[PDB]
Amino acid sequence: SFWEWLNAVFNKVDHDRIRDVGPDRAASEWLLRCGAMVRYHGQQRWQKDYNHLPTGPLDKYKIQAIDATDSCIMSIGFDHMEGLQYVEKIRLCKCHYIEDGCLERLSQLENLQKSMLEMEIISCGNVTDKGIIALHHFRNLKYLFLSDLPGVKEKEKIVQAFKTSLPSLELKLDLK
Ligand SMILES: [Mg+2]
């Protein structure tokens with residue numbers, strides 16, 4: 001359908017664009033066009049309007065935090081994450097297209113394994129235990145908040161899994 005194509009082209013990576021403006025700017029464009037927000041290292045305020053992203057010096061601004069609420073990000077859109085070196089916080093809230101494969105793709109990016117400190121996954125109805133358990137590759141994670149994930153059926157197993165793989169993790173669960 002047209003809507004499938006439209007979501008796909010919102011997500012598709014343009015590698016020319018990454019070459020021209022660098023990974024952080026290209027990912028910022030992807031996130032904001034898809035209804036997410038980003039916040040750069042050294043800045044208090046969030047980027048929430050695509051047209052107000054900085055034009056500024058080339059590749060200066062580095063994403064620290066991502067807040068994708070009510071966003072159409074999915075699957076291969078996360079390939080925009082590949083070049084980012086300094087992402088510490090990700091919130092995925094009411095991201096109706098996210099699935100386990102998105103979380104798997106993120107978990108395999110060594111750049112994110114090195115930098116990630118905090119993640120929050122809220123009201124993303126497709127996510128299951130499999131996608132959550134993939135997050136154990138974020139070896140530096142200190143905070144994980146899971147909420148309203150009806151597909152996560154075995155929350156006790158998740159707690160024990162993380163107890164072993166990430167003993168220092170503060171795991172906050174608001175799960176049925
Ligand atoms: Mg939003």
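Basis for what follows: all heavy atoms, side chains included, without hydrogens, waters or symmetry-related copies. FYI, the numbering just counts along the sequence from 1. Counting starts at 1 for both ligands and their atoms, in listed order.
Residue pairs meeting the side chain to side chain donor-acceptor pair (under 3.5 Å) criterion with at least one partner in residues 143-161, sequence neighbours excluded, are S123-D148.
The pair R105-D79 counts as a salt bridge, with a side-chain nitrogen and a carboxylate oxygen less than 4.0 angstrom apart. Of the charged side-chain nitrogens involved, at least one lies within less than 4.0 Å of a carboxylate oxygen, so that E104 and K130 count as a salt-bridged pair.
Among protein atoms, those of element N, O or S found less than 2.8 Å away from the Mg ion (ligand 1) are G35 O, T69 O.
At distances below 3.5 Å, not a single donor-acceptor pair connects side-chain atoms of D100 with backbone N or O atoms of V127.
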### Query
What do the steps show when you test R17 against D20 for salt bridge (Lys or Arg N to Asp or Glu O under 4.0 Å), and what is the final call?
CA-CA 5 Å; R17 185 63 173 170; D20 292 345; 5.3 Å; no

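Across all non-hydrogen atoms, the minimal contact from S71 to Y97 is O-CD1, 4.4 Å.
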